[PDB]
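Only one chain is given next, in C-alpha coordinates, and it is the form deposited in one PDB entry.
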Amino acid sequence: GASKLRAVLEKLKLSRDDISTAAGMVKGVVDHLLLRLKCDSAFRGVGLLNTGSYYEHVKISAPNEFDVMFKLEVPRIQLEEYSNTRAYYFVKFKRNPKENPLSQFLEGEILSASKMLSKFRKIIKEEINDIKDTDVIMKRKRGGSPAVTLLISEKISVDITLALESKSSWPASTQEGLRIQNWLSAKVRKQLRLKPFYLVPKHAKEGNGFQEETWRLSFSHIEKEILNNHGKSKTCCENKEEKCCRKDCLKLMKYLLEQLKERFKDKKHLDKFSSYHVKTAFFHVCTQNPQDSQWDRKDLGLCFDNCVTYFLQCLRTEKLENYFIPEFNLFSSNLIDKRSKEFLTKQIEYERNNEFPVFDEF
(Lines give C-alpha, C1' and ligand atoms only; values in the text may rest on other atoms or scores of the structure.)
Protein backbone atom coordinates (compact mmCIF):
# COMPACT_ATOMS: atom_id res chain seq x y z
CA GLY A 1 0.00 0.00 0.00
CA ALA A 2 2.99 2.28 0.64
CA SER A 3 0.86 4.69 2.70
CA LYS A 4 3.03 3.72 5.66
CA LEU A 5 6.16 3.52 3.51
CA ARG A 6 5.61 7.00 2.05
CA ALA A 7 5.38 8.38 5.59
CA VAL A 8 8.77 6.79 6.26
CA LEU A 9 10.47 8.48 3.30
CA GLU A 10 8.99 11.84 4.32
CA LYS A 11 10.79 11.95 7.68
CA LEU A 12 14.11 10.67 6.32
CA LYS A 13 14.31 13.55 3.84
CA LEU A 14 13.46 16.23 6.42
CA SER A 15 16.70 15.27 8.15
CA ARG A 16 18.78 15.44 4.96
CA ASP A 17 18.20 19.17 4.48
CA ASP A 18 19.63 19.66 7.96
CA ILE A 19 22.67 17.72 6.73
CA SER A 20 23.68 20.43 4.24
CA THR A 21 25.06 22.57 7.07
CA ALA A 22 27.18 19.72 8.45
CA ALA A 23 28.09 18.67 4.91
CA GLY A 24 29.93 21.95 4.41
CA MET A 25 31.79 21.35 7.66
CA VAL A 26 32.98 17.99 6.35
CA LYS A 27 34.22 19.48 3.08
CA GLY A 28 36.19 22.14 4.96
CA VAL A 29 38.03 19.53 7.00
CA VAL A 30 38.47 17.18 4.03
CA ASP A 31 39.86 19.91 1.76
CA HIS A 32 42.28 20.91 4.52
CA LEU A 33 43.57 17.36 5.06
CA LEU A 34 44.04 16.85 1.33
CA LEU A 35 46.11 20.04 1.21
CA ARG A 36 48.50 18.60 3.79
CA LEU A 37 48.55 15.06 2.39
CA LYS A 38 49.64 16.42 -1.00
CA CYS A 39 52.58 18.09 0.74
CA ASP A 40 53.79 14.64 1.76
CA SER A 41 56.25 12.69 -0.40
CA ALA A 42 54.28 9.43 -0.40
CA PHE A 43 50.80 10.94 -0.67
CA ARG A 44 51.63 13.34 -3.51
CA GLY A 45 48.83 12.22 -5.81
CA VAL A 46 46.00 11.88 -3.31
CA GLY A 47 42.60 13.46 -3.78
CA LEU A 48 38.84 12.94 -3.69
CA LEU A 49 37.47 10.04 -5.80
CA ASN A 50 33.91 11.33 -6.21
CA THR A 51 31.73 14.17 -4.90
CA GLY A 52 33.43 15.31 -1.71
CA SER A 53 30.70 17.22 0.06
CA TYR A 54 27.76 14.87 0.70
CA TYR A 55 29.56 11.60 0.03
CA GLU A 56 28.19 8.18 1.06
CA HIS A 57 25.77 7.89 3.97
CA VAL A 58 26.13 4.25 5.05
CA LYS A 59 23.68 5.04 7.84
CA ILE A 60 20.52 6.85 6.78
CA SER A 61 19.20 6.62 10.34
CA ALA A 62 22.12 8.79 11.37
CA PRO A 63 22.53 12.01 9.31
CA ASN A 64 25.57 12.83 11.46
CA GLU A 65 27.32 9.71 10.15
CA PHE A 66 29.59 10.54 7.21
CA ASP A 67 31.68 8.40 4.85
CA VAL A 68 34.61 9.72 2.79
CA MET A 69 37.03 7.95 0.45
CA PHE A 70 40.47 9.20 -0.61
CA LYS A 71 42.04 7.98 -3.86
CA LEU A 72 45.78 7.58 -4.38
CA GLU A 73 46.88 6.83 -7.93
CA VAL A 74 49.71 4.34 -8.34
CA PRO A 75 50.76 3.26 -11.86
CA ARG A 76 52.35 -0.02 -12.98
CA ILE A 77 50.57 -2.27 -10.48
CA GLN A 78 51.00 -6.03 -10.36
CA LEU A 79 48.05 -7.76 -8.69
CA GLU A 80 48.53 -11.22 -7.22
CA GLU A 81 45.28 -12.93 -6.21
CA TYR A 82 45.14 -14.27 -2.66
CA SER A 83 44.08 -17.93 -2.40
CA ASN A 84 41.44 -17.69 -5.18
CA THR A 85 39.23 -15.53 -2.93
CA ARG A 86 38.65 -13.36 -6.03
CA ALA A 87 37.98 -10.30 -3.84
CA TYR A 88 41.37 -9.89 -2.19
CA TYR A 89 44.73 -9.20 -3.85
CA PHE A 90 48.38 -8.59 -3.03
CA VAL A 91 49.83 -5.35 -4.40
CA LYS A 92 53.25 -5.59 -6.05
CA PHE A 93 55.27 -3.35 -8.35
CA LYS A 94 56.71 -4.25 -11.75
CA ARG A 95 60.32 -4.09 -12.98
CA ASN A 96 61.27 -1.25 -10.60
CA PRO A 97 62.09 1.45 -13.21
CA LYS A 98 63.44 3.42 -10.28
CA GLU A 99 62.64 3.49 -6.56
CA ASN A 100 59.30 5.15 -5.83
CA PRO A 101 58.36 7.19 -2.72
CA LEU A 102 55.90 4.35 -2.04
CA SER A 103 58.84 2.02 -1.33
CA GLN A 104 58.62 3.15 2.29
CA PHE A 105 55.22 1.46 2.52
CA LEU A 106 56.26 -2.03 1.40
CA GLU A 107 57.49 -5.09 3.27
CA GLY A 108 59.50 -7.65 1.33
CA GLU A 109 57.90 -7.38 -2.10
CA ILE A 110 54.24 -6.68 -1.34
CA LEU A 111 52.83 -3.22 -0.60
CA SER A 112 51.95 -3.10 3.10
CA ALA A 113 48.57 -1.59 3.96
CA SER A 114 49.57 -1.31 7.62
CA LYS A 115 52.59 0.89 6.89
CA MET A 116 50.63 3.14 4.53
CA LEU A 117 47.70 3.46 6.94
CA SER A 118 49.95 4.09 9.96
CA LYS A 119 51.60 7.13 8.37
CA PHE A 120 48.22 8.16 6.96
CA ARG A 121 46.74 8.36 10.46
CA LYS A 122 49.77 10.20 11.85
CA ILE A 123 49.67 12.94 9.21
CA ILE A 124 45.94 13.45 9.78
CA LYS A 125 46.25 13.43 13.57
CA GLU A 126 49.01 16.04 13.34
CA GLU A 127 46.74 18.45 11.46
CA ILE A 128 43.60 18.44 13.61
CA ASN A 129 45.68 19.63 16.56
CA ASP A 130 46.70 22.64 14.48
CA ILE A 131 43.01 23.30 13.82
CA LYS A 132 41.32 25.45 16.47
CA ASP A 133 39.11 27.37 14.05
CA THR A 134 36.91 24.27 14.07
CA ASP A 135 36.66 21.83 16.98
CA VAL A 136 37.70 18.40 15.69
CA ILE A 137 38.95 15.22 17.37
CA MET A 138 39.99 11.77 16.15
CA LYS A 139 38.37 8.54 17.29
CA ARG A 140 40.60 5.55 18.03
CA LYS A 141 40.87 3.07 16.67
CA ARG A 142 37.75 1.19 15.58
CA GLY A 143 39.35 -2.26 15.56
CA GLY A 144 41.98 -1.47 12.92
CA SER A 145 39.65 -1.01 9.94
CA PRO A 146 41.28 1.44 7.43
CA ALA A 147 38.58 4.07 8.03
CA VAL A 148 39.83 7.02 10.07
CA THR A 149 37.05 8.49 12.21
CA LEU A 150 36.99 12.22 12.89
CA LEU A 151 34.31 14.16 14.77
CA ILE A 152 33.22 17.73 14.05
CA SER A 153 31.52 19.90 16.71
CA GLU A 154 31.00 16.84 18.94
CA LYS A 155 28.01 15.57 16.96
CA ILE A 156 28.92 14.47 13.43
CA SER A 157 31.38 11.67 12.65
CA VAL A 158 33.40 11.31 9.46
CA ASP A 159 35.03 8.09 8.26
CA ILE A 160 37.93 8.55 5.84
CA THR A 161 38.98 5.54 3.76
CA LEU A 162 42.28 5.47 1.88
CA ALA A 163 42.13 3.65 -1.46
CA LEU A 164 44.56 2.84 -4.27
CA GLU A 165 43.69 3.78 -7.85
CA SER A 166 44.36 1.73 -10.98
CA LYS A 167 43.44 2.87 -14.49
CA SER A 168 44.38 -0.55 -15.85
CA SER A 169 41.73 -3.01 -17.04
CA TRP A 170 39.49 -4.61 -14.42
CA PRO A 171 40.75 -7.90 -12.88
CA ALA A 172 39.73 -11.23 -14.44
CA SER A 173 37.41 -11.98 -11.51
CA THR A 174 35.08 -9.20 -12.66
CA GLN A 175 34.80 -10.58 -16.20
CA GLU A 176 31.30 -12.05 -15.89
CA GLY A 177 30.14 -9.51 -13.32
CA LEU A 178 28.22 -6.25 -13.77
CA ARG A 179 25.48 -7.97 -15.79
CA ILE A 180 23.46 -4.89 -16.77
CA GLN A 181 23.00 -5.66 -20.48
CA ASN A 182 19.22 -6.10 -20.31
CA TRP A 183 18.86 -3.16 -17.92
CA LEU A 184 21.33 -0.46 -18.92
CA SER A 185 22.56 -1.87 -22.27
CA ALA A 186 25.92 -3.43 -23.13
CA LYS A 187 27.24 -0.04 -24.22
CA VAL A 188 26.96 1.44 -20.72
CA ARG A 189 28.53 -1.65 -19.15
CA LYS A 190 31.44 -1.35 -21.57
CA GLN A 191 31.85 2.34 -20.72
CA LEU A 192 31.84 1.57 -16.99
CA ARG A 193 34.56 -1.07 -17.28
CA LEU A 194 36.76 1.57 -18.92
CA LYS A 195 36.64 3.50 -15.65
CA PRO A 196 39.45 2.84 -13.15
CA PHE A 197 39.01 0.37 -10.28
CA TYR A 198 40.04 0.83 -6.65
CA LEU A 199 41.75 -1.16 -3.89
CA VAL A 200 40.79 -0.88 -0.22
CA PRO A 201 42.79 -2.29 2.73
CA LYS A 202 41.08 -5.13 4.62
CA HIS A 203 38.32 -4.89 7.25
CA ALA A 204 38.71 -5.06 11.03
CA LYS A 205 37.15 -8.52 11.19
CA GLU A 206 38.91 -9.63 8.02
CA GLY A 207 38.45 -12.49 8.67
CA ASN A 208 41.18 -15.14 8.66
CA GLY A 209 42.61 -16.86 6.81
CA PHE A 210 43.83 -13.50 5.52
CA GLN A 211 47.52 -12.51 5.31
CA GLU A 212 46.57 -9.11 6.81
CA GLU A 213 48.31 -7.36 3.90
CA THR A 214 45.80 -7.94 1.11
CA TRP A 215 43.63 -5.32 -0.59
CA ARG A 216 39.95 -5.58 -1.56
CA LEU A 217 38.46 -4.41 -4.87
CA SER A 218 36.12 -1.43 -4.64
CA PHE A 219 33.58 -0.26 -7.22
CA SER A 220 31.62 2.25 -5.13
CA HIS A 221 32.13 4.83 -7.87
CA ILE A 222 30.36 2.55 -10.35
CA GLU A 223 27.56 1.84 -7.87
CA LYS A 224 26.96 5.58 -7.49
CA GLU A 225 26.97 6.07 -11.27
CA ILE A 226 24.34 3.35 -11.62
CA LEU A 227 22.25 4.85 -8.81
CA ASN A 228 22.20 8.27 -10.48
CA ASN A 229 21.38 6.70 -13.85
CA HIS A 230 19.19 3.79 -12.80
CA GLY A 231 16.32 3.98 -15.26
CA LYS A 232 15.93 1.96 -18.43
CA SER A 233 14.76 5.28 -19.85
CA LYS A 234 17.34 8.05 -20.19
CA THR A 235 14.86 10.50 -18.66
CA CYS A 236 13.87 8.35 -15.69
CA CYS A 237 13.18 10.54 -12.64
CA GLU A 238 13.85 13.67 -14.70
CA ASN A 239 10.15 14.44 -15.09
CA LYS A 240 6.98 13.73 -13.11
CA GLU A 241 5.80 10.87 -15.33
CA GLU A 242 9.03 8.89 -14.95
CA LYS A 243 9.47 9.07 -11.17
CA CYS A 244 10.28 5.46 -10.29
CA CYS A 245 10.73 4.05 -6.79
CA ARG A 246 14.15 2.42 -7.18
CA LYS A 247 16.01 4.74 -4.79
CA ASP A 248 13.15 4.61 -2.28
CA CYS A 249 13.21 0.81 -2.16
CA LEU A 250 16.96 0.95 -1.53
CA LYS A 251 16.48 3.44 1.31
CA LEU A 252 13.70 1.42 2.94
CA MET A 253 15.76 -1.78 2.71
CA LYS A 254 18.79 -0.05 4.22
CA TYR A 255 16.68 1.61 6.92
CA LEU A 256 15.12 -1.77 7.71
CA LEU A 257 18.50 -3.38 8.38
CA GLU A 258 19.70 -0.45 10.51
CA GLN A 259 16.56 -0.49 12.65
CA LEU A 260 17.01 -4.24 13.12
CA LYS A 261 20.69 -3.87 14.03
CA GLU A 262 19.83 -1.13 16.53
CA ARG A 263 17.16 -3.38 18.02
CA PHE A 264 19.54 -6.33 18.49
CA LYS A 265 22.76 -4.43 19.19
CA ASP A 266 23.21 -6.28 22.49
CA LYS A 267 23.65 -9.64 20.76
CA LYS A 268 25.78 -8.31 17.88
CA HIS A 269 24.62 -10.96 15.41
CA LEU A 270 23.41 -8.49 12.80
CA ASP A 271 26.71 -6.60 12.80
CA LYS A 272 28.22 -8.79 10.07
CA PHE A 273 25.33 -7.67 7.88
CA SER A 274 25.93 -4.18 6.49
CA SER A 275 24.20 -1.82 4.07
CA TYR A 276 26.39 -3.27 1.32
CA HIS A 277 24.64 -6.64 1.56
CA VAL A 278 21.35 -4.80 1.08
CA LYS A 279 22.85 -2.70 -1.72
CA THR A 280 24.17 -5.83 -3.44
CA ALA A 281 20.81 -7.60 -3.31
CA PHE A 282 19.09 -4.47 -4.61
CA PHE A 283 21.23 -4.37 -7.76
CA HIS A 284 20.30 -7.99 -8.48
CA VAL A 285 16.61 -7.11 -8.18
CA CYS A 286 17.16 -4.25 -10.63
CA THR A 287 18.79 -6.74 -13.00
CA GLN A 288 15.85 -9.14 -12.73
CA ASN A 289 13.45 -6.20 -13.05
CA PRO A 290 15.00 -3.94 -15.73
CA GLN A 291 11.75 -2.30 -16.85
CA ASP A 292 10.88 1.08 -15.34
CA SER A 293 7.25 -0.03 -15.34
CA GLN A 294 8.28 -2.63 -12.75
CA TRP A 295 9.27 0.25 -10.46
CA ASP A 296 6.24 2.53 -10.80
CA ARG A 297 5.62 5.14 -8.10
CA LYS A 298 2.17 3.67 -7.44
CA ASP A 299 3.57 0.21 -6.67
CA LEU A 300 6.05 1.26 -3.97
CA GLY A 301 4.60 -1.27 -1.52
CA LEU A 302 4.69 -4.05 -4.09
CA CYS A 303 8.21 -3.16 -5.25
CA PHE A 304 9.57 -3.06 -1.70
CA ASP A 305 8.04 -6.46 -0.95
CA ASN A 306 9.95 -7.93 -3.89
CA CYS A 307 13.21 -6.56 -2.51
CA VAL A 308 12.42 -8.08 0.89
CA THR A 309 11.49 -11.52 -0.43
CA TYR A 310 14.55 -11.63 -2.69
CA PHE A 311 16.77 -10.79 0.27
CA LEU A 312 15.04 -13.56 2.20
CA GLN A 313 15.80 -16.03 -0.59
CA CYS A 314 19.46 -14.99 -0.44
CA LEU A 315 19.44 -15.81 3.27
CA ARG A 316 17.76 -19.21 2.94
CA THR A 317 19.81 -20.37 -0.05
CA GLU A 318 22.84 -18.72 1.59
CA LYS A 319 23.75 -17.12 -1.74
CA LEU A 320 24.55 -13.46 -2.31
CA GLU A 321 27.02 -12.96 -5.15
CA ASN A 322 29.07 -9.77 -5.31
CA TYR A 323 27.52 -7.73 -8.12
CA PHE A 324 30.93 -7.21 -9.73
CA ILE A 325 32.56 -10.49 -8.67
CA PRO A 326 30.17 -13.45 -9.21
CA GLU A 327 32.39 -16.07 -7.53
CA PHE A 328 32.53 -13.98 -4.36
CA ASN A 329 29.75 -15.13 -2.04
CA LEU A 330 28.84 -12.52 0.57
CA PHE A 331 26.52 -14.95 2.36
CA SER A 332 29.08 -17.77 2.37
CA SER A 333 29.27 -19.85 5.55
CA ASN A 334 32.88 -18.70 5.95
CA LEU A 335 31.96 -15.01 6.13
CA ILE A 336 28.74 -15.20 8.15
CA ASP A 337 27.43 -17.97 10.41
CA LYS A 338 24.33 -19.86 9.26
CA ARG A 339 22.55 -19.19 12.55
CA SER A 340 22.97 -15.47 11.86
CA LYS A 341 21.19 -15.62 8.50
CA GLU A 342 18.43 -17.78 9.97
CA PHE A 343 18.09 -15.27 12.80
CA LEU A 344 17.93 -12.41 10.31
CA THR A 345 15.48 -14.39 8.17
CA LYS A 346 13.12 -14.92 11.10
CA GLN A 347 13.23 -11.24 12.07
CA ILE A 348 12.61 -10.03 8.51
CA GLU A 349 9.80 -12.56 8.03
CA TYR A 350 8.19 -11.16 11.18
CA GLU A 351 8.38 -7.63 9.77
CA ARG A 352 6.84 -8.69 6.45
CA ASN A 353 3.97 -10.48 8.19
CA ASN A 354 3.20 -7.57 10.53
CA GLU A 355 3.55 -4.73 8.00
CA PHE A 356 6.98 -3.67 9.29
CA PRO A 357 6.22 -2.18 12.74
CA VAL A 358 9.91 -1.31 13.15
CA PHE A 359 9.51 1.49 10.60
CA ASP A 360 6.72 3.73 11.87
CA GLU A 361 5.17 5.65 13.49
CA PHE A 362 8.27 5.92 15.72
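For every residue, the number given is its place in the sequence shown, counted from 1. What we label the rigid core is the largest C-alpha set whose atoms superpose within 1.5 Å from one form to the other.
Just so you know, the form solved in complex with a small molecule exists too; it's not on screen, but the next bit is about it.
- Checked against the small molecule in the entry with it bound, the candidates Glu318, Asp67, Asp296, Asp40 yield a single residue with a heavy atom inside 4.5 Å, and that residue is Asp67.
- Between the options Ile128, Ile156, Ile77, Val200, the residue in contact with the small molecule in the entry with it bound by a heavy atom within 4.5 angstroms is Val200.
- Shown alone, this chain has one stretch from 218-226, 288-296, 130-138, 96-104 that lies within 4.5 Å of the small molecule in the entry with it bound by heavy atoms: 218-226.
- Taking the partner from the other structure, the small molecule in the entry with it bound has no heavy atom within 4.5 Å of any heavy atom of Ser166.
- Remark: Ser145 counts among the residues lining the small molecule in the entry with it bound, judged by a heavy atom distance of 4.5 Å or less.
- The closest non-hydrogen atom of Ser333 lies beyond 4.5 Å of the small molecule in the entry with it bound.
- No residue in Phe311, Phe43, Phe304, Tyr55 other than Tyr55 shows a CA shift of 2 angstroms or more between the shown form and the other one after fitting the rigid core.
- Positional change of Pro75 between the shown form and the other one stays under 2 Å at the C-alpha, relative to the superposed core.
- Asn208: CA moves 2 Å or more between the shown form and the other one after rigid-core fitting.
- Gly144 is among the residues whose C-alpha shifts by 2 Å or more between the shown form and the other one once the rigid core is aligned.
- Between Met25 and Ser53, the Cα distance is greater in the entry with it bound than in this structure, by no less than 3 angstroms.
- The pair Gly231 and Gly52 is tighter in the entry with it bound: their Cα-Cα distance falls by no less than 3 Å compared with this form.
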